[PDB]
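Numbering (our numbering), first residue to last: -1 to 35.
Have a look at the structure below before the remarks.
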């Protein structure tokens, strides 16, 4: 799903995603960091 968190390095979506939802896998798009199941 989407998160209002922007990014610079994929390292960021990861921790955000796993903390917020039961995930771990994440990757960012120029618009924002994004999470995946």
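A virtual CB, placed ideally from N, CA and C, is assigned to each residue, including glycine.
Any C-beta of chain D under 9 Å from that of residue i
i: residue 8; result: Of the chains in the structure shown, none is chain D; there is only one protein chain.
Nearest residue (CA-CA) to residue i, options the options
i: residue 35; options: 28, 8, 12; result: 12
Contacts around residue i, its chain only, beta-carbon distance under 8 Å, and the 5 residues preceding and following it disregarded
i: residue -1; result: 19, 32, 33
i: residue 40; result: Not covered by the structure: residue 40. The range shown for the chain is -1 to 35.
C-alpha gap between residue i and residue j, whole angstroms
i: residue 27; j: residue 17; result: 19 Å
i: residue 1; j: residue 10; result: 11 Å
Integer-rounded CB distance, given that residue j should sit under 8 Å from residue i
i: residue 30; j: residue 3; result: 6 Å
| task | Ignoring anything shorter than 3 residues or poking outside the region 8 to 33, list the beta strand (DSSP E) runs there in chain order. | result | 24 to 26, 31 to 33
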